[PDB]
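Only one chain is given next, in structure tokens, and it is the form deposited in one PDB entry.
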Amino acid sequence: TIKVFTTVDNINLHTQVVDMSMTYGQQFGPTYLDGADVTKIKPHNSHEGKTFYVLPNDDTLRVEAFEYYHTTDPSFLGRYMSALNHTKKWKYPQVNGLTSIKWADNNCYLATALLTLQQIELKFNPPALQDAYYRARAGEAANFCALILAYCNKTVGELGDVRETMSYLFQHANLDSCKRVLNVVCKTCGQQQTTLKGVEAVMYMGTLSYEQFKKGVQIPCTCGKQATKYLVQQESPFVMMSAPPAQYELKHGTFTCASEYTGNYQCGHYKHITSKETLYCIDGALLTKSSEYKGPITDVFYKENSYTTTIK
């Protein structure tokens, strides 16, 4: 017999002794080692003192699994470990002092989201996400990318939308303090003030210009006469302005970062534009810079702390 360690979070470790004739799967359930499923594999001599991830099979492991991942989904572990086997192969080069991803397995939307999270203020609720968030910024983002895929129910290779991925992640972050107050003015119906919080307070779909949202955007009213909706108050460390891909001019110093989408719907390739001393363009591992930018943009991120309008 040899002794090993089983865990769900790797924070809490549980010591176990295993028999060499019985495979790891029948004694522990579904068992993984550094990405590789060892359910069918029998214990080898090198697997002494090794740390194994196991699907929770008692109440102690179930509670520890929730405390770290904030989910009770039994499929989460498998999907996470399956993505990790690919993300560990990916290359994460440092570009403009930011951690990117060499393009692989259609990850252009993942790198764009990873680059954006390093530039906006965010605190993740699941300790698993926050701990990988920290090490991702340090340059080792394999665990973080695998977790993003699992939490988004996306698999390797699958095409991804950056706005949808950011939304999923925002629901796992503490955006409770974020508030957005809007006013829709209609000549028939009048003035109606609505208050959004959380994900809805930091995301808008319709326009890329944060200024235009402050000025007002035409949206249909219940009566049918198009009404003006404008931003009244905003309390959030950032805002995300999204709109269907269209030609847009990005000016240096007026934004934080943006998403460039090029090609057909659901099969295009994403590029990341950041504002810095000059406009930088990050396409995976490649970097180009220019003073101005005009191209197909679908998401623009802006900085914010507090904002109160002047319209009466």
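Just count from 1 along the sequence shown to find any residue number. We call the rigid core whatever largest set of C-alpha positions still superposes within 1.5 Å between the two forms.
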If you line up the core and then measure how far each C-alpha sits from this form in 4 other deposited structures of this protein, which stretch comes out higher, 185-193 or 72-80? 185-193
Could you tell me which of the two stretches, 248-256 or 50-58, has its Cα atoms lying farther from the shown structure in 4 other deposited structures of this protein after fitting on the rigid core? 50-58
Stretch with the higher entry mean CA B-factor, where the candidates are 271-279 and 30-38: 30-38
Mean C-alpha temperature factor, higher of 88-96 and 216-224: 216-224
Looking at 259, 60, 51, 256, which has the highest CA B-factor as recorded? 51
With respect to the C-alpha temperature factors reported in the PDB entry, which of 139, 190, 126, 237 ranks highest? 190
Split into thirds by Cα B-factor across the chain's modelled residues, where does residue 151 land: lowest, middle or highest? lowest
In terms of its chain's C-alpha B-factors, the third that includes residue 144 is the lowest
Which third, lowest, middle or highest, does the CA B-factor of residue 166 fall in along this chain? lowest
Third of chain Cα B-factors occupied by residue 293: middle
When the modelled residues of the chain are sorted by Cα temperature factor, does residue 286 land in the lowest, middle or highest third? middle
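One more form of this protein, solved in complex with a small molecule, exists but is not displayed; see below.
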Candidate from 129, 83, 77, 173 lying within 4.5 Å of the small molecule in the deposited complex - any heavy atom: 77
Since exactly one of 155, 96, 212, 71 fits, which has a heavy atom within 4.5 Å of the small molecule in the deposited complex? 71
Determine whether any heavy atom of residue 276 comes within 4.5 Å of a heavy atom of the small molecule in the deposited complex, and answer yes or no. no
Look up in the deposited complex whether residue 56 has a non-hydrogen atom within 4.5 angstroms of the small molecule, and give yes or no. yes
Considering only heavy atoms, tell me if residue 42 and the small molecule come within 4.5 Å of each other in the deposited complex. no
How about residue 257 - does it come within 4.5 Å of the small molecule in the deposited complex, if we only consider non-hydrogen atoms? no
